[PDB]
Amino acid sequence: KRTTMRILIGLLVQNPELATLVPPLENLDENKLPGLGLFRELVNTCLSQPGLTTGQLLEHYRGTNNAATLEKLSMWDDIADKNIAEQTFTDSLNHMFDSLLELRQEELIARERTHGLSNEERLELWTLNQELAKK
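By the method listed in its record, solution NMR, this PDB entry was determined.

This is the structure we're talking about:
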């Protein structure tokens, strides 16, 4: 499989302190990722509950319509770590960002061959291509 909103969420579930390691989502938003809202809510809620834990998370969502999804991520043996969790969080986050920058790149070039994006937007692409040339 791919990253998907599963690694970012399931890692945050198993490690709610990763909520302090996540950015303010400026280049992401809930618009560019149709489902990041679940991750963003979870982080936002973790930041709203200082001292929340892996197990206490389910108790904070006890009996919620979303608890079933959170149960799936909690019982998620597909990771089950805490050291690899942080590394995979950064790598996953990088993958999400990479993909959004890839999408943005294609959006920009799709607006060059017709609309004509600005000289700056056409240059932004060069810089972005250099960032993508070396992960």
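There is more to say, and it comes next.
*Asks:* Just checking my understanding: could you explain helix α5 (residues 67-74) for this structure?
*Replies:* Note that an α-helix has 3.6 residues per turn; residues three or four places apart therefore point the same way. Residues of α5 that are buried: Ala67, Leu70 and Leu73. Burial along α5 is one-sided: seen end-on, the buried residues are contained in an arc of 115°.

*Asks:* Is there a simple way to think about the packing of helix α6 (residues 83-110) against helix α7 (residues 119-132) in this case?
*Replies:* Packed helices, taken two at a time, are described by the angle between their axes plus the distance between the axes. The geometry of α6 relative to α7 is characterised by a closest axis approach of 10 Å and an angle of 145° between their N-to-C directions. By crossing handedness, the relation of α6 to α7 is classed as left-handed. For the pair formed by α6 and α7, the contact residues are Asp98, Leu101, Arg104, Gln105, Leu108 and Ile109 on the first element and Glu121, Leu125, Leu128, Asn129 and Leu132 on the second. Taken together, the residues of the contact of α6 with α7 sort by class into six nonpolar, two polar and three charged.

*Asks:* Help me understand the layout of surface pockets in this model?
*Replies:* One simple way to see leftover space: roll a probe sized like a water molecule over the atoms. Its boundaries defined by the atoms lining it, the largest pocket holds a volume of some 330 Å³. What lines the largest pocket is a set of 13 residues, among which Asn94, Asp98, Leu101, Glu131 and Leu132 lie closest to the centre. Broken down by secondary-structure element, the contributors of at least two residues to the lining of the largest pocket are α6 and α7. For the lining of the largest pocket, the leading source of residues is α6, giving six residues. Looking at the lining of the largest pocket residue by residue, the class counts come to four nonpolar, three polar and six charged.

Criteria and thresholds
Residues numbered from 1 in each chain as written, not as in the entry; some residues may be left out. Heavy atoms only, no water. Buried < 20%, exposed > 50% of the residue type's maximum accessible area, 1.4 Å probe, protein only. Helix = DSSP H or I, 4+ residues; strand = E, 2+ residues; numbered from the N terminus. Arc of directions from axis to C-beta. Axes fitted to C-alpha atoms, helices over the stretch in contact; angles between N-to-C directions. Left-handed = near helix turned anticlockwise from the far one by under 90°. Contact = heavy atoms within 4.5 Å. Nonpolar A, V, L, I, M, F, W, Y, C, P; charged D, E, K, R; others polar. 1 Å grid on protein atoms, 1.4 Å probe; cavity = no way out; pocket = protein on both sides within 12 Å on 5 of 7 lines; lining within 4 Å. Points joined across faces, edges and corners; volume = space filled by probe spheres on them.

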